[PDB]
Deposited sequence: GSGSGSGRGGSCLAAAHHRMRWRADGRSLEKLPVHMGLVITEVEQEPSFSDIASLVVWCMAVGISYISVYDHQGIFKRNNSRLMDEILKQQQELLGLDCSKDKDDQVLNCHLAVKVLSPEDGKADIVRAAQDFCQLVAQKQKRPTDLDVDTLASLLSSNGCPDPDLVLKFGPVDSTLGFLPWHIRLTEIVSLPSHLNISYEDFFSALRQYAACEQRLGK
């Protein structure tokens, strides 16, 4: 014990608010991917109480190297019943790429237009609330916070539909990220204010 689990939970609970879904957008892809740094960020979100973490890079490297990343996450999660620990990370962690944004919205448009062709639905029956439930992340909330790492001032096609109200906090690099840096970005999100048009 560890113990340490209680300390990290007390850190997440001390914030005015915590993200339920967080995105990690890596804008600079390193030659040999720094899975350990990525895995540390994921494990910190889980330890502080964030339910969903989406990992993203524009070239889909983490999606191509998915098992090396999950392995590093579960290795770092043991420190500070493997099947339960594995599925708990398969459900909380998603590794995303450009196809999960605009290509997925196009997939939802094809399927709905397939039902208009079969007289099962009318074009007018597609409001913004219906389209939202037809996306791949139908049963998972939109990202509250996005941590964007690296030198590029763009989301690079990450979940364009879902980031309508996401707070976007920028850090210059993930390469040796420390807990204090990660938690400082969490304090920024906790202090954010959303008036929802009013």
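Comparing the deposited sequence with the modelled residues shows gaps at 1-14, 95-101, with numbering starting at 1.
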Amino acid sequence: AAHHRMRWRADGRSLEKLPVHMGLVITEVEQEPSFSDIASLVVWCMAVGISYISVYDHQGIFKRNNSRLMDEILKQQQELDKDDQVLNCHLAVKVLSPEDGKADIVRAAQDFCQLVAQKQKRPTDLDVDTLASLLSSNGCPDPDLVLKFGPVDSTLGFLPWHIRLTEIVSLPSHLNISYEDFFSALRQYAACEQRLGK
From here on, numbers count along this sequence of modelled residues.
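So that the term is clear: the rigid core is the largest set of C-alpha atoms that superpose within 1.5 Å between two forms.
For the pair 46-54 and 133-141, greater average C-alpha departure from the shown form in 6 other deposited structures of this protein after core alignment is found in 133-141. With 111-119 and 95-103 compared on mean CA B-factor from the PDB entry, the stretch scoring higher is 111-119. Stretches 24-32 and 38-46 differ in mean C-alpha B factor, with the higher average recorded for 24-32. Among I53, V152, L134, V169, the highest C-alpha B-factor in the deposited entry belongs to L134. Placement of the Cα temperature factor of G157 within the chain: lowest third of the modelled residues, per the deposited record. Per-chain ranking of the deposited C-alpha B factor places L145 in the lowest third.
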